[PDB]
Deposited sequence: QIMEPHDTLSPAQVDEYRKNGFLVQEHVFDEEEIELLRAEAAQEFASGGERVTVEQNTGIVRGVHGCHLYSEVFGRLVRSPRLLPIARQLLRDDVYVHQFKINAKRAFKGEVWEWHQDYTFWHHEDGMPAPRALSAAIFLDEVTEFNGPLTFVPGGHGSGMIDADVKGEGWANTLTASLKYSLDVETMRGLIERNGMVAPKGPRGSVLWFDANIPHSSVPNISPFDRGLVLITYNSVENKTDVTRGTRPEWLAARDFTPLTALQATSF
């Protein structure tokens, strides 16, 4: 049995990622693959216990699934994902954080402007922004179902109800200078984005869900300082073993 040889990003794609701080690959996973992930996400929402976040009734998100789900444990090692994480971070990598964020049809909340790295640095002791997130689109992402919205190039400045949100004046500057972009894509796409890129999102006013599986890969060299960590393993990983790619086996 055979896995397709590892695909990596072209130089132009890498350049775009580094310039903009995000990049979309369309149609990485097929419909049947996404349905397997959707079904597993539903199980995690149902069984996640303390790892679930709710609509202040409906479970809206869950954390740390790769530690508890064999499917999600395999996903983070996928030959569709791991080679690109290694390429972009120029290192062996591990998963710092894993979350699934559902924005159901005609529902969802405003995510205030933030940089993920600010949290990871201060809360988890991540020493540098040598990390990224891969957002797998469980559903088509459109203008109208609450897409992640970015300041392109806004990661280049460095580190600027969320604990760490960005104020009106600091954001005004960024946006006046750099603008705003909400990357779109079909179901099965992957949105790669930098640990330090400012992003936000709005409620879903479509009749369609916007499920995202967000895998945060960190450089092994850039492992967090667990002496200054404040969070459980399912929010901030402590096992820095380098990930290896899934091979094709008979089971």
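For this chain, the deposited residues without C-alpha positions form the stretches 57-58, 163-177, given in sequence order.
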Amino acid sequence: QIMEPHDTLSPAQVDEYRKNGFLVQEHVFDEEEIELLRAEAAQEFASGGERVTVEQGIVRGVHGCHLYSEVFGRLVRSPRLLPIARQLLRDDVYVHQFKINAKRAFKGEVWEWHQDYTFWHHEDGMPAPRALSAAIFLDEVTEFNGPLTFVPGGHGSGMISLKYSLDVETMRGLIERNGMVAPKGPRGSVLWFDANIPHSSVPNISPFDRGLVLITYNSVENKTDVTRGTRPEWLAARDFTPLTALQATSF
From here on, numbers count along this sequence of modelled residues.
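Take the two forms, superpose them, and find the largest set of C-alpha atoms that agree within 1.5 Å; that set is the rigid core.
Averaged as a root mean square over residues and superposed structures in 7 other deposited structures of this protein, CA distances to the shown form are larger in 59-67; the pair compared was 34-42 and 59-67 with a core fit. Taking the root mean square of CA deviations in 7 other deposited structures of this protein after fitting on the rigid core, 77-85 and 167-175 differ, and the farther of the two is 167-175.
Checked against the record, the higher mean CA B factor of 70-78 and 101-109 lies with 101-109. The question of which stretch, 186-194 or 42-50, has the higher mean Cα B factor is settled in favour of 42-50. Annotation for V62, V226, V28, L37: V226 ranks highest, by Cα B-factor. Highest C-alpha temperature factor among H96, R86, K163, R130, as the PDB entry reports it: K163.
Remark: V141 belongs to the lowest third of its chain, ranked by C-alpha B-factor as recorded.
The PDB entry assigns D92 a C-alpha temperature factor belonging to the lowest third of its chain's modelled residues. Per the PDB record, residue ranking by Cα B-factor puts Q56 in the highest third of the chain. Annotation for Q1: CA B-factor lies in the highest third of the chain's modelled residues. Among the modelled residues of its chain, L174 has a C-alpha B-factor that falls in the highest third, as given in the PDB entry.
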